[PDB]
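Chains as they are written, first to last, in my numbering: chain A, 112 to 204; chain B, 1174 to 1426; chain C, 1174 to 1426; chain D, 1346 to 1867. Here a beta-carbon is modelled for each residue, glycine too, at the ideal position from N, C-alpha and C. Note sheet for the following structure.
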Amino acid sequence: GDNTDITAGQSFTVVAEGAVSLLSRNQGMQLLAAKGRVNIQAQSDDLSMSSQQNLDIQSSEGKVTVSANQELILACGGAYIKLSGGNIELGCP
Amino acid sequence: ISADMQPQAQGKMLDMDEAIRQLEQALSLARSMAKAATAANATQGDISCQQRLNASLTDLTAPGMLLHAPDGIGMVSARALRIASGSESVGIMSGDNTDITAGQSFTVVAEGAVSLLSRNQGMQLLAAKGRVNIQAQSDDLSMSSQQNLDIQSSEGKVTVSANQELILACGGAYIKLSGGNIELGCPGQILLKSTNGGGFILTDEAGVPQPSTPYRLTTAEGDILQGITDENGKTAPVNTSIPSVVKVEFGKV
Amino acid sequence: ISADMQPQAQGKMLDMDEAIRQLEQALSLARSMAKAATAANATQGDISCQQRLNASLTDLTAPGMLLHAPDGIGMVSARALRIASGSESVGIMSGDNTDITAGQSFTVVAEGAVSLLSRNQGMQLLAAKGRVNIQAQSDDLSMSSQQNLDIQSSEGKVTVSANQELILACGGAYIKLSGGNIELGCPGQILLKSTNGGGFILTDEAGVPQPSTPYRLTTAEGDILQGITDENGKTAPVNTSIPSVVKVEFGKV
Amino acid sequence: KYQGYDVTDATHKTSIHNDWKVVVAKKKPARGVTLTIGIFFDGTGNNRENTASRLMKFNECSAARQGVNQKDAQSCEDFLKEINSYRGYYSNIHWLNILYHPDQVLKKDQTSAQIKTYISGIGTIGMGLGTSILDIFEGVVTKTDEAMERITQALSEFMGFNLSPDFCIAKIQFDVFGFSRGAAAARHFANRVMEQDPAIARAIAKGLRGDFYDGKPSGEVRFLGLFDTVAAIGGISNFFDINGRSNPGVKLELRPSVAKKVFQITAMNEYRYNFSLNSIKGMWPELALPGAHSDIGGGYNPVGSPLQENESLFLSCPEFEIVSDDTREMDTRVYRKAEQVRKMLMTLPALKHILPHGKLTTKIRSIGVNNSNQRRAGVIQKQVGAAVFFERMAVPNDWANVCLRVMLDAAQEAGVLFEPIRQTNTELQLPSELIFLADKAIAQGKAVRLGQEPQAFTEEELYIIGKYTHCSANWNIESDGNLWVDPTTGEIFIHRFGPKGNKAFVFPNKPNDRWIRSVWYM
């Protein structure tokens, strides 16, 4: 009826043969690592990270490296930057 | 405590053949998934203590508590419930789903790691409302995909901001925002696109060039191009490499 | 319901010292983590009801159920299990791991927040197969790091789409995609790259220019320049600031 | 065949014109120096074995893999503590490394040299304890890598001793010596030199700092001195946490072109389960010599030391049983089993010469059993345990020097140059009891190195040797809190988050079945 709190003195582990699904309905989602590396991988498939409002990717003290294998596209409002082949294409209306 | 029938008290007091099958099967599942987590570089569960539990609870060789019911167990209360292991692990093993439904928040605090591994059907981390916040508050963050990775704001801004370098790399090409400079390097060309032959004429032998006539060209490779002639009977331009196009027509009067 | 020995029935019917230790140890762990969840700006757990449960279960001052076993409890069944608290919280505490192993799926639906805080060893959110989907379906998404952040698609495309504005910023330099325009501003220079002194004369005193001879130059600061003389006895071009380097050789005859 | 350059134009300045001055040199003919690096892979030396190595011995030797449950294993520990970690002594690899003649500065016409490097033994945490046990499991190959870095720094020191050489290294040879897992590491290294490994060439080059040497780029092995090859002491096959890791790429087979001369001594009286011999018998000269594992390799403390070897050994696994308090302890199944195995051991030819130098008895234990239910029936109960015990105080370690001298003779036959053992080496001088025997053993070594079959030791000399031979195999139980072993499957589970307060029991020195040492051939 209230919270479901899990408190582990060691790790908290989930291995699901099918899906892992976390759905917050009203107050958002905090996936925090106070220390240690956060590793989010779709090790065999797509990764989609979506937001309706503003999306903020940030490294407060280090580098941000976005890296693609076959194509890296940044798009907004007809403008696009495409890193593809060995070419950089900046197209905008 | 058992909801298992031992008709007419025929058997040992502690016959737990089905309780043991449930314990064996759960540890068997926990162990196969612990191998899957290692192969996937996830944090492994504590099989060690769940392995002693099987030892302890099987025939109650150590003072534990075995609750078994062949048709399901419900532990309900209007007030708080606590499942707590003081020195070892809590293991929630499930043949089907493990579903947590919280009327308020669902929170985890692990002194070590949090690893959610999905093996076959992916991972959905959704917030129907509220802000999603993913932080490596003191370390690296890595968001990786084998196939396409898509970051999108459907109605707002996307801001990627670094402190010392912002690199976008793909296939030798890179864009590095560093120092106070911008560096666009590539082996190929940097293209700034800031701007975003042949047919027939179906004419009567008298001379009127037959407007509004449906046509369809078949180039001599296996491509087809429908259309209608227009206002002195133009055809669509064709640009197949080196063909011999063919023509047919019909129409109304 | 206690698997605790009270030999010869010496003691109170409800002596639960080890059960109370387990309740106290569980609650003090849940409270340390509430402090840690606050310090990390995670959603806090419901300590109030778990603190109220300690009061109710300690000496059973309220009609609760206390199940204690010194060597582990197994709640097993072939059918479904339910741990439900109707109006308060479900607390799962562990000294070690809390392991969930779903044979199908691990589902969590929280009406409030979903919070996962790991304190020391990071967070792994892996899908070995299937698509990973992270959405703030109605709000902001913020994914941040203190140290390096890596977004990568190892075999596919990376698409970053925004609706209003896409800003990449680092150290004053920025690339903004907005309106229908691209803007590359920076305090320094914007660099587009379609890209991305001296030796010794080892000669015989008679005149043979010593082909194929080993050498290695030792600058007068502490640098080594290994190599083998080439094409009438050249060495590698040295452009250290301005030292007086030294020469050595050997070789087969 | 080699020539250097009488160089006097050895400086030039740095400019903006990028000038190339000159080097005027009349050519000097350079000495072709055959340089030998003596590689000494030790077993455990004058050290303690680390936790990760001692835990590997739980594999197949857990008390649970035997019929010894956690109560009977604690009773074994109690029964041994009622009758009466271990740091060893210097091995023969230490003394061979000491006697290996090093040459710091070459002579003006010295055409052959010898430098040496010493690689330690493999076994000398909680979360990391699994990976540390993995490190011990791969220790052979990782030790050969450490041998690469050690060869680099030994060569760097040697040539830093000879600044401005006038000589050319006309060959790089190797004299690789090993003991018991450095014997495995020695065989693996000799193979890596047979395969002409690029890492060896990189090591030689990094030590020479780009200098030239004329031979096989990865060198060649002249003499392989092995002491008792034991590729693994324990294993990981039963460790749930790490048994997935496959066997390491260890190469122990010694093909006719692996070294110019190969000679191995072996322990005739080593019978432990975990110490299974990798033999080079039939293929290369191998001398079975009386003594335990470290009576061949050396790591036993001297007969006066504080770490003196006093043997208080269970020669049978202690068996317990609860009986009536009226029952005489000698009228129990456990006592009959213990006396049966004691009579078997007195008959056993494996310990034929070791037992007469100590006391072989059957120890009997009996403690009180609290059984309140049987008390009401008038039945008081006792737990009687009985095993075969062997006392032998003050075991002398002077047989290792006999094996050391046999190795020295084998190596000196291979041309290896050793400093003789002079009376300043008091640790290596033999008791007057053993002089004739050491000479006969050296003769057996040569007879094997001549392909003959050696004149075996007679029953009187073997009885004399039994005084210096240690009984390495026993059923003395040890415990650890870093593991939990499944009582049914015997699978080992490492405690990742610190000890859970339990004790996992092991018989690390457990004798092989029927007291015949496992030998693996090739």
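Spatial neighbours of residue i in its chain, beta-carbon cut-off 7 Å, leaving aside the 5 residues before and after
{"i": "B/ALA1286", "result": "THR1216"}
{"i": "D/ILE1470", "result": "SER1477"}
{"i": "D/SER1817", "result": "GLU1615, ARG1617, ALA1637, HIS1638, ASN1854"}
{"i": "C/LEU1230", "result": "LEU1196, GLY1237, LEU1239"}
{"i": "A/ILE117", "result": "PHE123"}
Close-in-space but distant-in-sequence residues of the same chain around residue i (CB under 8 Å, 5 per side omitted)
{"i": "C/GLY1218", "result": "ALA1203, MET1206, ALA1207, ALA1210, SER1262, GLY1264"}
{"i": "D/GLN1757", "result": "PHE1763"}
{"i": "C/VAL1331", "result": "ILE1324, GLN1325"}
{"i": "D/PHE1506", "result": "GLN1449, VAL1450"}
{"i": "D/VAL1368", "result": "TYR1350, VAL1352, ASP1354, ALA1355"}
Residues bridged to residue i (per DSSP)
{"i": "D/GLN1459", "result": "D/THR1381"}
{"i": "C/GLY1400", "result": "C/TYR1388"}
{"i": "B/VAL1419", "result": "B/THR1391"}
{"i": "C/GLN1319", "result": "DSSP, once it has assigned bridges, lists no residue as partnering C/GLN1319."}
{"i": "B/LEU1240", "result": "C/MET1248"}
{"i": "A/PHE123", "result": "B/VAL1287, C/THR1271"}
{"i": "B/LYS1425", "result": "Answer is none; B/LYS1425 lacks a bridge partner."}
Residue i, buried or exposed, once every other Cβ within 10 Å from all chains shown has been counted against 16
{"i": "B/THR1368", "result": "exposed"}
{"i": "D/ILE1545", "result": "buried"}
{"i": "D/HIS1362", "result": "exposed"}
{"i": "D/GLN1455", "result": "exposed"}
Same chain, Cβ closer than 6 Å to residue i, five either side skipped, listed in chain order
{"i": "D/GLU1836", "result": "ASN1583, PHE1585"}
{"i": "D/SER1525", "result": "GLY1388, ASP1573, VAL1575, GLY1642"}
{"i": "D/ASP1825", "result": "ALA1849"}
Chain B contact for residue i (CB, 8 Å cutoff)
{"i": "A/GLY188", "result": "no"}
{"i": "C/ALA1182", "result": "no"}
{"i": "C/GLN1399", "result": "no"}
{"i": "D/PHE1424", "result": "no"}
{"i": "D/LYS1845", "result": "yes"}
is_contact[residue i, chain D] using C-beta, thresh 8 Å
{"i": "C/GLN1337", "result": "no"}
{"i": "B/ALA1209", "result": "no"}
{"i": "C/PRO1416", "result": "yes"}
{"i": "C/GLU1404", "result": "no"}
{"i": "C/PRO1382", "result": "no"}
{"i": "C/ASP1272", "result": "no"}
CB contact below 8 Å: residue i versus chain C
{"i": "A/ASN198", "result": "no"}
{"i": "residue 1871 of chain D", "result": "In the structure displayed, chain D extends from 1346 to 1867; residue 1871 of chain D sits before or after that span and is not available."}
{"i": "D/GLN1455", "result": "no"}
{"i": "B/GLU1394", "result": "no"}
{"i": "D/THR1497", "result": "no"}
{"i": "D/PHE1802", "result": "no"}
{"i": "B/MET1178", "result": "no"}
Test: residue i CB closer than 8 Å to a CB of chain A
{"i": "C/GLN1277", "result": "yes"}
{"i": "B/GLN1294", "result": "yes"}
{"i": "C/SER1229", "result": "no"}
{"i": "C/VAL1411", "result": "no"}
{"i": "B/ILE1174", "result": "no"}
Given a limit of 8 Å on CB to CB distance, which residues of the region 1818-1833 of chain D reach chain B?
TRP1829, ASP1831, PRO1832, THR1833
Task: Interface residues of the region 1211-1226 of chain B facing chain A [CB-CB below 9 Å] - done: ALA1213, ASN1214, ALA1215, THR1216, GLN1217, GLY1218, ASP1219
Q. Closer than 9 Å, Cβ to any Cβ of chain B: which residues of the region 140-157 of chain A, in chain order?
A. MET140, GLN141, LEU142, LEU143, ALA144, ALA145, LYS146, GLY147, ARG148, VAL149, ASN150, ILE151, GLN152, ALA153, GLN154, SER155, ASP156, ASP157
Would you list, in chain order, the members of the region 1184-1196 of chain C that have their beta-carbon closer than 7 Å to a beta-carbon of chain A?
none
Check your understanding: For the region 1543-1562 of chain D, which residues have a beta carbon sitting closer than 8 Å to at least one beta carbon of chain C?
Key -> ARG1554, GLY1555, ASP1556, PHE1557, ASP1559
Please list the residues of the region 1314-1326 of chain C that have a C-beta atom closer than 8 Å to any C-beta atom in chain B, keeping them in chain order. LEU1314, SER1315, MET1316, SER1317, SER1318, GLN1319, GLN1320, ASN1321, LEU1322, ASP1323, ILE1324, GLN1325, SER1326
Members of the region 1241-1264 of chain C near chain B, C-beta cut-off 7 Å: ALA1242, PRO1243, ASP1244, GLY1245, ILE1246, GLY1247, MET1248, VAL1249, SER1250, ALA1251, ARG1252, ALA1253, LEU1254, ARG1255, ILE1256, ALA1257, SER1258, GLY1259, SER1260, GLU1261, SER1262, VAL1263, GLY1264
Worksheet item: Name the residues in the region 1712-1725 of chain D whose C-beta lies less than 8 Å from a C-beta of chain C; which are they?
Response: none
| chain F contacts from the region 1359-1378 of chain C (Cβ-Cβ distance under 9 Å) | Here chain F cannot be found, since the structure's protein chains are A, B, C and D.
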